[PDB]
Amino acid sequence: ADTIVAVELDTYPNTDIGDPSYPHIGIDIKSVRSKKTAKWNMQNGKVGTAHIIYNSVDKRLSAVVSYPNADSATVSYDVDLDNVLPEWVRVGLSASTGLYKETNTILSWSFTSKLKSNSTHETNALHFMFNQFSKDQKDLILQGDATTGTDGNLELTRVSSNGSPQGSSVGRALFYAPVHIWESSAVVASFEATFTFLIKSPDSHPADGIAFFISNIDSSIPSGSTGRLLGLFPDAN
């Protein structure tokens, strides 16, 4: 199977696979069963912002999610990504719905990776920023139900013309260029990602959520990864 590291914004509590009894943010290392979670006071229909940070010196993956006029949620996990991920990866966003549903709308997405070697003035870097998505966005790989250009947004899961989110949907966007997160001369490797999102549901129980993920470069949506598996995992192990 693929190798996945993800930060989940998990809108539906699946307590049978170890979710807490509430919407939560989590850090997923090769499993949907988050290694660490925090309570998330998700706001139906409001624009939120998520920040993800990591560096190879501290080996700590951290994330913060907030809405305007509200307190943040934060989660951290100690993990050496050089022991989990290959040296070249792709980065992306994933989302799903199941019998319960929501919009999984991405309004902006930025990413920076840096690899600093012991050579004098020797940083390698990649940065991208999308504030508007176009109908034919050639620097994104869209998978499953993901589409771009409707109001300049990335719709990770299926939405009707009238704007109703559909059930049993899964979709992903990956940046086209591979990202280098380890090199033998590297003294520090870091990355940061930010995305803004709008999760709206006509229902009291939205599902299933959005994730930022890092994967092997050839990652594809696993078979049957609608609903609680967030487009990331083939099963709940």
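Don't overthink the numbering: it's just position in the shown sequence, from 1.
Relative to one another, 206-214 and 176-184 have unequal mean CA B-factors, and 176-184 is the one with the higher figure. The question of which stretch, 197-205 or 46-54, has the higher mean Cα B factor is settled in favour of 197-205.
The top Cα temperature factor in the record, among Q137, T97, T105, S108, falls on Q137. Per the PDB record, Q166 has a higher Cα B-factor than any other of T112, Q166, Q143, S76. Placement of the Cα temperature factor of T37 within the chain: middle third of the modelled residues, per the deposited record.
The PDB entry assigns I221 a C-alpha temperature factor belonging to the middle third of its chain's modelled residues. The deposited CA B-factor of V5 belongs to the lowest third of values across its chain.
Annotation for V91: CA B-factor lies in the lowest third of the chain's modelled residues. Per the deposited record, the Cα B-factor of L85 falls in the middle third when ranked against the other modelled residues of its chain.
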